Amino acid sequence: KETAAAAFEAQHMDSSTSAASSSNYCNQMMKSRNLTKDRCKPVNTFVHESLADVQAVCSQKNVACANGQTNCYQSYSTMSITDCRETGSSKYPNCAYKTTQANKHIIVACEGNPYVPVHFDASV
């Protein structure tokens, strides 16, 4: 019942920190954002930039999405991000993730009016 735009923010926005605190960041965040409630979401990226900056990407470099669609955009500059990936051992409901902090460009799919990000495609 949550718009795709809204769901995007909830799953990927983390402007409260400039970067992943510790190796435990993912473990904590995936939970906090309710991403391990029904199952363990296998993968997820958190962006440590302002909402405004992320939304602005929808007006930056147009590229193809992985699915072949063309409403994807690549950020002009690198952003601070935290990649979260579930471990081989992790089994619901004991979800566990490996945290990887980095500075990379992001690619998101945009839609709507206003035209905002609705899906996180990849980081580069």
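The numbering used is simple: start at 1 and walk along the sequence shown.
Colleague: When the Cα temperature factors in the entry are averaged, is it 50-58 or 85-93 that ends up higher?
Modeller: Higher of the two, by average CA B-factor, is 85-93.
Colleague: Got a sec? Mean C-alpha B-factor, which is higher, 97-105 or 15-23?
Modeller: Between 97-105 and 15-23, it is 15-23 that shows the higher mean C-alpha B-factor.
Colleague: Within this chain's modelled residues, let me know which third the CA B factor of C40 belongs to: lowest, middle or highest.
Modeller: As the PDB entry reports it, the C-alpha B-factor of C40 lands in the highest third of its chain.
Colleague: Lowest, middle or highest third: where is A4 by C-alpha B factor in its chain?
Modeller: Ranked within chain, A4 CA B lands in the highest tercile.
Colleague: Quick check on the deposited entry: does the C-alpha B-factor of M79 sit in the lowest, middle or highest third of its chain?
Modeller: Answer is middle: the recorded C-alpha B-factor places it there.
Colleague: Tell me, lowest, middle or highest third: where does the Cα B factor of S32 rank within its chain?
Modeller: Its C-alpha B-factor belongs to the lowest third of this chain's values.
Colleague: For the chain shown, is the CA B-factor of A66 in the lowest, middle or highest third of its modelled residues?
Modeller: Its C-alpha B-factor belongs to the middle third of this chain's values.
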